[PDB]
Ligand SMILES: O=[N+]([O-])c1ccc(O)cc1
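One chain is shown next in structure tokens, namely the form deposited without the named molecule.
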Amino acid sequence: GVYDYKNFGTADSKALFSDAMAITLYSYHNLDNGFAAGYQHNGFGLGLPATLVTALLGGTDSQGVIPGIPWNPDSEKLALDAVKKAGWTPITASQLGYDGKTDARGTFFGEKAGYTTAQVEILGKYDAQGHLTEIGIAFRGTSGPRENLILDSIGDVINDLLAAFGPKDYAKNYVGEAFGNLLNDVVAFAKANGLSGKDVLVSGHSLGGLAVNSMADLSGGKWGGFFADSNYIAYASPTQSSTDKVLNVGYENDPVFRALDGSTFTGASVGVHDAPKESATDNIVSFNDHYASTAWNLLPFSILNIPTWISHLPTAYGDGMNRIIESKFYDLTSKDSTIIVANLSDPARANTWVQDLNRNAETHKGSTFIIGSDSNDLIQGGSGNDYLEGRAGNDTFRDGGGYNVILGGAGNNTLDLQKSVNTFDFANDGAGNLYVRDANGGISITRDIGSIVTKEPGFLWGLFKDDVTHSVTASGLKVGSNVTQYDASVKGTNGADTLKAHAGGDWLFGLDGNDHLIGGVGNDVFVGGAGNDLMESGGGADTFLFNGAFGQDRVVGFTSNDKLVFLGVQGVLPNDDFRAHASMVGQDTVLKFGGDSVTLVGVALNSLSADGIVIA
């Protein structure tokens, strides 16, 4: 997964990430609540003034940056309840025996002159006997408490500028200076409780992210090395520590994220600074109204143009990246996977295609993941290989070619093909997969899409065009009396089957179970499915399709005009070709994808060509 951390594995890293985000969100006390609500209603163009009014004053369902407005919800109570729902309770200065400054919330404040506007939350997770099992340390980003917002933010910005232009390793030392004493009290508290450093989660966003990186940097030599093995997840940090301890997560179109290299100010710092970085997720796009807008992007992308800062906002971090965590495609992703997150306002969502524009970034490589919202989305895949997820809502998908998985989610979803039905072939395994094959042999595996839209020659002999909506049914695509037939098929069962192709060619659908698929002299398309499947060509120009946890298969009779297609399979690093996955075992080429494999019986690896082995 994109958020794998150390050696915790897929599932445990996701749980750690969700805790990091929860404590980070808590540290801002819903300061951006009004902004997120105004944006969602008004967007970022014509509605920008109205969005900014809500950012300041909230409304009846949000609280902006100004406190004490009687019709706003108590957004700070809501942030406290949300952090507790995630399992966390702030730890008091009294429980720590801490002598420094806290406010009425329990937020701890920086310890030295020049750091007095630094804030950190210290939180505890407790088991059912009320024993402490985990400590959360969440540094606040730029900003402070509503009571002192402006003066506190000035002090933060002075710190931000010293990171770039002050003493060498100002950023490294930030946490030592701001919270050196507090962190000794935390070590004592942890030890008193049977905890070590491994039981400590360290997080924060922006300046809070720089703080995560500072702390990792210092954890080797300060506080007795107690935190050397702590967990460090930083959001939208301008800096990266010199250690291997930090997961630096952010949106690539967030101008603050990676602004420094890893604390050095460069030419790039004021512009696009999207060079690959080892500790960082380099290719996650926030598809918001600004990113989508032609007008807004006439302006140079820069940390110095404030409207680009919409991509920095913490709520869209929490909301977008939670959708990545929940994605049915999550375990296909890796640290530098290209992921586009649908983050449009309500008005923009209704008329803007979520797609990879590749704006203000280095060229995206490998497959592209596009993650929709729980509302009605318009999602556009490119001409390469895409993983499109609609989620809830009535979603519409388009795609420009290649090999794709398209998950409609709940709702009434539609695939608009934008061309004639006659240029496509359609197959259906009866297990909820509708396969769509374009004129170039590109295949989309689709689920939960009930309507197919095509564009057909229309009046005056094709001068005008008809949009035709087809319903996906068991017997084919139907418009009124007109049925578009599925491609000839043989369907198996979820037990062990033997299926035989007819001579004109069939799609063979083994489904679950160890299946024997016998092709003929025709062009057959082999879908072994789950289980360990034996598949024999029979001759012709065959396609073998591998998706998900496809097991250990054997392919007999594979020749030069045949094709393997790996779609939604484990372990594909961005832009892998087959050689990254291929080895000879005796007489056979073996291709491995996670714990799944395909054995090409009798085929020399040296005869194989990227033409006939599609890895998406």
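Numbering starts at 1 and runs along the sequence shown.
Keep in mind the form solved in complex with the named molecule is missing from the figure; the text below concerns it.
Remark: open binding site. Placing the named molecule in the deposited bound form onto this structure by local C-alpha superposition gives no atom within 2.4 Å of a backbone or C-beta atom. Think of it this way: in the deposited bound form, the named molecule has a heavy atom of just one of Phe558, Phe44, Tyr28, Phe566 within 4.5 Å, and the residue is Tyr28.
Here is the short version: of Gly381, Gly110, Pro314, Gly250, the single residue with a heavy atom within 4.5 Å of the named molecule in the deposited bound form is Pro314.
The named molecule in the deposited bound form comes within 4.5 Å of no heavy atom belonging to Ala37. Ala55 belongs to the set of residues with a heavy atom inside 4.5 Å of the named molecule in the deposited bound form.
Mapping the unseen interface onto this chain, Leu48 falls outside it, with no heavy atom inside 4.5 Å of the named molecule in the deposited bound form. The named molecule in the deposited bound form comes within 4.5 Å of a heavy atom belonging to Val65. In the deposited bound form, the named molecule lies beyond 4.5 angstroms of every heavy atom of every residue of 561-591.
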